[PDB]
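Counting starts at 1 for both ligands and their atoms, in listed order. Note: hydrogens, waters and symmetry copies are ignored here, and every other heavy atom, side chains too, is used. We name chains A, B, ... by the order of the sequence lines, and we start the count at 1 in each one.
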Amino acid sequence: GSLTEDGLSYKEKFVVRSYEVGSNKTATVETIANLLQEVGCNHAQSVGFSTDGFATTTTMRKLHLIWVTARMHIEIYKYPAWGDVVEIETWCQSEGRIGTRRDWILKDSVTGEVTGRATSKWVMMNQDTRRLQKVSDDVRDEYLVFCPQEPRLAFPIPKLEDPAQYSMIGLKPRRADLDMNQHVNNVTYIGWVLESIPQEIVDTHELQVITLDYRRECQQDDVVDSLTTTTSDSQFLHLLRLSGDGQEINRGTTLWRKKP
Amino acid sequence: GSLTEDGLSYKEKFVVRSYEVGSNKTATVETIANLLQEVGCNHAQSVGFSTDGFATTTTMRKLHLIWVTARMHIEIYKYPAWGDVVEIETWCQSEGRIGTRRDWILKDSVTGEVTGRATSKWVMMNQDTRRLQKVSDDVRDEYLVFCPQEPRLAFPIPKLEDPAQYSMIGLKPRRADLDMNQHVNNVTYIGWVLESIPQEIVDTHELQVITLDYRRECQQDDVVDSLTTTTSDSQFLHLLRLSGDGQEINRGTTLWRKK
Ligand SMILES: COC1=C(c2ccccc2F)C(=O)N(C(C)(C)C(=O)Nc2cccc(Cl)c2)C1
Ligand SMILES: COC1=C(c2ccccc2F)C(=O)N(C(C)(C)C(=O)Nc2cccc(Cl)c2)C1
C-alpha cells in the first residue's frame, strides 16, 4: 500500500487468507480489526512515526508518551470472502486538545463498494505511569501536516448490572496476543467480548456494529471475565473486568443481524 | 502466488505484518505456521482439491475421508522482520499406502537465502469414526499427477514423565482458534506447547526446531494442559493432554538457540 496522491491518507489491499475466515467462509471481525491495525501501522511508518505507543512523534518519544484507544467503532455491511481482495483507506484527524482520531473505509476492490467503516478515538498518556494528557501546540505541530484539516468522517455506554445473562470467565492473554512491545493486542478485547455471546447467536447472526470504550489495559499476567446481557436484530451490553471483581477493562455494545 | 512452470510445486510471497511479530520484531513461529498452512491451501485450491479435510479428492469426499496431520517438523534459521518479503515454496509427495507428505522451503525473497524448512506427514482418516485408512489406488490416482514422482525432501518422541518441570493448565480454544469448518487450527497446538516454556527462556532464546506428533484433535469444548521438561542451546520435551489426566492430544520437542 501507499500514501494517496495528496499524502493525507493511506491505502492497502489484502487477499483474505484461509485461516482468516470462520464458519460463514468470510473474514472474522478479528481479521478485520487486525487489517485496520496493520494499515494504521503502515500509515504511521510511511510518514516516519514509531509503532511503540501507536504513532509516537519526537516530543512524545522524548517524554515517554503514547497514544492508546479510548474508543473503537466498527460497522461491517459485508465480510469479505476467502480469496477476495479488500481495499482499506485510513487517515488521522486532530480532535483539538482531546486527542486524535483514526478512521477507515473498507471496499471490495474488484467492485468499489463500501463493505465496512471504522472510527477510533485516541488519547495521549504516559507509557510508564499510564496517566492521560491533553494535546499541546508542540505535539500537534508535529502531526498536523500529515492530517486533512477539513473534516473527513467515516461516520458523518452503560455499565453492565450484576447478574450478567452470560459469562466467559478466566480469559488469559497467550503469547500470540502480545505485540512487539509486549502489550496485549487491541483485537484481543474484541475476541474476549464476543466469547460471552451464546454460540447459537454467533451460529445464526452476523456482527454488524461493535463499539468498545477502553477504561484500562489488560497486562500479560492479568485474568479477565467477559460479561454479556441482551438489551434488545439482536443487541448486547458488554463488560470486561479483571478476575476477582477487579477493575473495569472495557465496556461495549454489539448489534447482530440474522444470516440471509 | 501460483504453481511453478512444471506444475509440481507452489510458490507464494508474504509481506510480514506488524501484528505477526513479537518482541524481537520478527514473525512468531505461529505466524510462520499460519503462512505454511495458507500456501498449503492455495496449492490445494490451485489444482482443484477441497480445503475442508486439508485437500480432499472426489473419492475421498464420497467416502467421508479427510487428511489429518500425524507429524509437523519445522526448522527456522532466521525469522523475517516486520516489512520483510518471505517466499515459500511447497510441494506434496506420495508415501505409498501410509499417506502423503507436504514440505516447505522459506526464503528471504531479497537475498534468496533459505531462512527455514518444514515437513509434515498426513494420514487418511474417516471424518466420522476418526479411523485411519491406508491410501487406495483410486485416491492416489486422483493426486499423484500433482506431485513430484522422484524424491524431493526439505530435510535430507518419548511421552513426558510426571512430574512436569513446567506447566500451563486449563488452555481453551477461543473462537479465533477455530477454522472455517469448526476444527481447532493445528497452529493453536504450537502456541499451547510454547505457553509452558518459561518467559525468561523465550526472552533470551529464539526457537530453531519444533517437532509435533499429533495423537488426537482438541474439540471446541475441550480444556488442555501444556507440560514441558528440560532434556538438554536448550532442548525440551512437551505433552498436551486434556484436563483431568485425559487423553494425550500431542507430544513434541523444541530446540532453542541463544539470541
Ligand atoms: C502521530 O500522530 C498520530 C497519527 C498519525 C497522523 C498522521 C499520519 C500518521 C499517523 F500515524 C495517528 O494515527 N495517531 C493515532 C493515535 C490516532 C493512531 O491511530 N495511531 C496508530 C498507530 C499505529 C497503529 C494504529 Cl491502529 C493507530 C496519532
Ligand atoms: C489432495 O492430496 C493432498 C495434497 C496435494 C497434492 C498435490 C497437490 C496439491 C495438494 F494439496 C496435500 O498437500 N495433501 C496433504 C494432506 C499432505 C496436505 O498437506 N494438505 C494440506 C492442505 C491444506 C493445507 C495444509 Cl497445511 C495441508 C493431500
Side-chain angles (χ1 to χ4, degrees), chain A residues 3 7-10 18-19 33-34 36-58 60 66-70 72 90-95 99-104 118 120-124 135 139-140 142-148 179 186-187, chain B residues 3 7-10 18-19 33-34 36-57 60 66-70 72 90-95 99-104 118 120-124 135 139-140 142-148 179 185-187:
Chain A
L3 289 161
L8 294 186
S9 68
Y10 189 97
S18 55
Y19 64 88
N34 276 140
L36 304 186
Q37 164 171 84
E38 171 63 357
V39 69
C41 295
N42 283 343
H43 186 200
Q45 168 277 146
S46 72
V47 303
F49 294 123
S50 152
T51 301
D52 198 353
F54 295 97
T56 303
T57 74
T58 288
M60 294 184 79
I66 64 161
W67 305 100
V68 294
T69 322
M72 174 66 72
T90 188
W91 64 95
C92 168
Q93 275 226 294
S94 176
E95 290 212 332
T100 60
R101 177 183 95 250
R102 172 166 298 274
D103 278 16
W104 298 256
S120 62
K121 306 187 158 301
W122 300 73
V123 291
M124 210 150 42
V135 179
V139 197
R140 167 179 180 279
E142 287 175 43
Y143 73 74
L144 187 58
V145 298
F146 303 116
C147 301
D179 58 32
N186 299 303
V187 181
Chain B
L3 296 159
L8 291 181
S9 81
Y10 189 93
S18 50
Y19 67 81
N34 274 326
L36 299 187
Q37 171 177 81
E38 177 65 11
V39 67
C41 300
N42 285 336
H43 187 190
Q45 201 276 352
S46 79
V47 301
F49 296 136
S50 66
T51 311
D52 181 26
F54 292 102
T56 304
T57 72
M60 287 185 77
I66 59 171
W67 298 109
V68 310
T69 323
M72 177 62 62
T90 189
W91 66 99
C92 175
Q93 193 131 68
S94 183
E95 298 204 333
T100 44
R101 202 183 67 255
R102 173 169 291 287
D103 283 17
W104 306 250
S120 67
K121 322 193 154 302
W122 298 74
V123 293
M124 205 151 72
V135 185
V139 173
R140 167 169 167 285
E142 279 169 345
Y143 70 76
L144 195 85
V145 292
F146 298 104
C147 309
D179 63 17
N185 188 326
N186 289 47
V187 178

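Distance alone, capped at 3.5 Å, places no donor-acceptor pair between the A/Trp122 side chain and the A/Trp67 backbone. Without hydrogens or angle criteria, B/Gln45 side chain to B/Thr51 main chain gives no donor-acceptor distance under 3.5 Å.
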Exercise answer, ligand 2 polar atom pairs (N/O) under 3.5 angstrom:
unit_1: ligand 2; atom_1: 13 (O); unit_2: B/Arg102; atom_2: NE; d: 3.1
unit_1: ligand 2; atom_1: 13 (O); unit_2: B/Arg102; atom_2: NH2; d: 2.6
unit_1: ligand 2; atom_1: 19 (O); unit_2: B/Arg102; atom_2: NE; d: 3.0
unit_1: ligand 2; atom_1: 19 (O); unit_2: B/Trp122; atom_2: NE1; d: 3.4
unit_1: ligand 2; atom_1: 20 (N); unit_2: B/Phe54; atom_2: O; d: 2.9

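For B/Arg101 against B/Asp103, the heavy-atom pair with the smallest separation is NE-OD1, 3.2 Å. The shortest non-hydrogen separation linking A/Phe49 to A/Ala55 is CB-CA, 3.8 Å.
With sequence neighbours excluded, the residues satisfying side-chain contact (heavy atoms from CB on, under 4.5 Å) with A/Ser18 are A/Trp82, B/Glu38, B/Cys41, B/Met180.
Side-chain contact between B/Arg102 and B/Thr90 is present, with heavy atoms from C-beta onward closer than 4.5 Å.
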